[PDB]
Amino acid sequence: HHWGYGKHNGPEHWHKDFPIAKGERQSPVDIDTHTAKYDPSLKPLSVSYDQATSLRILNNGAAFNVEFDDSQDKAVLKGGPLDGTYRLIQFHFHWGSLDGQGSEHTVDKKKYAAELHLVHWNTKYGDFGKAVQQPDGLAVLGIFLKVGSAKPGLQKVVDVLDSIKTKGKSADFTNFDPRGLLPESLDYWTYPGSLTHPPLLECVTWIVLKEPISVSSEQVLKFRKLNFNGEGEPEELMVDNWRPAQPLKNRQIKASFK
Ligand SMILES: [Cl-]
Ligand SMILES: [Zn+2]
């Protein structure tokens with residue numbers, strides 16, 4: 001049937017319906033910190049989320065997305081390896097069934113408990129739909145989550161998961177400040193890649209932060225109570241919604257620090 005993360009429709013099967021799965025700039029990848037090249041010409045990231053307006057949270061069957069109003073430059077990302085302004089449209093996570101796995105990108109083969117993706121689109125293209133068809137259409141900020149101390153700023157998200165347990169459910173989710181999910185340092189690694197789930201379009205400039213944020217075991221546990229299935233169907237827990245690392249091929253990973 002259609003794509004998913006199960007045994008018969010998981011990542012290893014995606015290439016049949018989405019040939020680009022075997023493309024030249026697929027994500028995620030393993031970040032070898034010793035082969036990454038420090039690029040002195042990379043500018044610091046500029047994150048302006050002071051005007052962000054969240055609208056709703058939804059379970060799309062693959063993860064849960066927190067959507068923002070992207071009709072104006074309210075929450076934007078610029079600087080770094082980017083040319084132009086990118087507007088935040090949504091953020092979501094990828095997590096595992098155990099604390100030892102869950103992230104998409106890995107650092108020197110190290111896996112984290114989860115990975116947060118803040119998706120932004122290049123305003124020059126007018127809308128997200130047009131942006132995904134361009135090589136420089138999206139900018140995704142990736143943040144690693146490790147299990148330890150609780151992250152107060154994430155609790156508002158955790159408490160609403162009860163209302164969107166099954167595929168298709170959505171709920172109002174206003175006044176959420178994404179700044180509460182960022183680590184102290186903004187040092188990063190960057191490389192050209194793709195979305196990590198179908199349609200797997202190669203339109204992403206990845207910006208992966210070096211510093212992970214910590215969340216408590218209890219917070220991550222709530223993530224694992226969501227369902228892949230729709231209401232009234234056999235219960236399938238939403239866990240391990242991550243894709244394994246892909247070959248780097250003809251690509252170089254640059255670092256903003258040394
Ligand atoms: Cl993604
Ligand atoms: Zn993602």
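When a residue number appears, it is its place in the shown sequence, counting from 1. Remember, it's 1-based here, ligands and their atoms both numbered in the order they're listed. Computed from heavy atoms alone, side chains included, the values below leave out hydrogens, waters and symmetry copies.
Taking the six-membered ring wherever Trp is involved, the centroid distance between the rings of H117 and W206 falls below 6.0 Å. Aromatic rings of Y112 and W242 (six-membered ring for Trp) have centroids beyond the 6.0 Å cut-off, not under it. A centroid separation of 6.0 Å or more is found between the aromatic rings of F128 and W121.
Distance alone, capped at 3.5 Å, places no donor-acceptor pair between the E67 side chain and the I89 backbone.
Counting only distances under 2.8 Å, and ignoring water, the protein N, O or S atoms around the Zn ion (ligand 2) are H92 NE2, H94 NE2, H117 ND1.
Residue pairs that meet the salt bridge (charged side-chain N to carboxylate O under 4.0 Å, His left out) test with at least one member in residues 10-36, sequence neighbours left out, are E24-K249.
Shortest non-hydrogen contact noted between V157 and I57 is CG1-CD1, 4.4 Å.
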